[PDB]
Each structure stands twice: as structure tokens, then as C-alpha cells.
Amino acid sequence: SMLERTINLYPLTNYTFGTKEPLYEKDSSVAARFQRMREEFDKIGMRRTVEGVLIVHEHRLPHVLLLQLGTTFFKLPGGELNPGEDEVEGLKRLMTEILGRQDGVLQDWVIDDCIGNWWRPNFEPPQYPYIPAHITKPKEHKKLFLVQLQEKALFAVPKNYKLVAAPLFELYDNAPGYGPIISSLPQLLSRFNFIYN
């Protein structure tokens, strides 16, 4: 009766948050966003997204690193795979593009754990942790991975974002604030045995 995965956490002050040039979104509006999803659905089929959950602690409390676009939406580091691209190689590529260093030193990402699957049935905001009834052609499939951080690292945050450390209690039961994927991270992380280093 020890069936829990053991995960090392490190103090938030072990990490350095530098800056770099703005990184802009592919879509300048919700309307544009759902227009491009329709155009690519017809060319290459279901959109495949990957997202990384990076965890630290301070005074032995776990926090999730979220990206805040200006003072607007909160999001996980991640993005869209290319057709034929490996899910894990793709998440590493995407996290290097977002938080990789201005001095071009190669970050060592460790990804060994799936934590969830979400599905978007239509060209619309709703997403579910299962393929809903009667849906044969889902429009997006999103996969969440736990990213084990090294003891220390330097991250370069695009100047148009802030990297914030959110305690679990602030996420919990807070879908209006964060939406249904980030609001359910406390439940999804409860199975891990965290070591507070």
C-alpha cells in the first residue's frame, strides 16, 4: 500500500524569472480563433493541444505556475501540435518556445505522467473530460502532463505575460475565475506524494 507516484518540489525562490520579447497569439479575437479552428479542421482534422503543469512550493505549500496574458486570461504553458508530431516532444518544443532562455542554454524538461484529457465537441468554448454522447467528430483533443522541474532553473517570460504562482486553494471551486481545466487541478494533483525540498 504505496501506489502513489512520488514528485520532488522545490522552493519558488530556487527559480529565476527573466524577461524576453513579446510572444503574440495566432488569433487576435475569439471570432478569429474559432474561424481558424474551422479552416484547419477541414484541412487536417481534429486539433491536438498539449499543456504542462509545473509545480513549486513555498513554506511547504504547493503552487501551480500559470501564465497571465496582461491582466486578462490565465493559461498553462502549451499549445498546438503539428500533424504527425509526438505529444511529449511537442510539449517540450512548446515550453522551450514560451519559457526557453535568451542565452540559448537547453532546459531539461522531464515529463513522465499524464494527468488529464479534455475534448471540445463543437467550434465553441465548452470542453469535457470525456467525448460526449452522440459526438463522433470532436474538434479539439487536449492532453495535460505533469512537468517535473529541476532543483534550479532560469525561465525567460515574454514581456506581454507574467508567470504567477497560484496556491491550490485559490484554484479550488473557482471555475468562473479560471475555467473548468485549471479549477480542477487540485483534485487531479491529490494523487501525488509531493516531497517538499
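If you superpose the two forms and keep the largest set of C-alpha atoms that fall within 1.5 Å, you have the rigid core. Numbers for residues come from their place in the sequence shown, where the first is 1.
Relative to the shown model and aligned on the rigid core, the C-alphas in 8 other deposited structures of this protein deviate most, among 138 to 146 and 56 to 64, for 56 to 64. The higher RMS C-alpha distance to the shown form in 8 other deposited structures of this protein, out of 66 to 74 and 148 to 156, belongs to 66 to 74, with every structure fitted on the core. Look at the C-alpha B-factors of 114 to 122 and of 67 to 75. On average they run higher in 67 to 75. Legend: mean Cα B-factor per stretch from the PDB entry, 78 to 86 versus 94 to 102; the higher mean is in 94 to 102. For the set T49, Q148, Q35, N160, the PDB entry puts the maximum C-alpha B factor at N160. Per-chain ranking of the deposited C-alpha B factor places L189 in the lowest third. When the CA B factors of the chain's modelled residues are split into thirds, the value for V56 lands in the lowest one. The deposited CA B-factor of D42 belongs to the highest third of values across its chain. Among all modelled residues in its chain, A166 ranks in the middle third by Cα B-factor. Placement of the Cα temperature factor of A175 within the chain: highest third of the modelled residues, per the deposited record.
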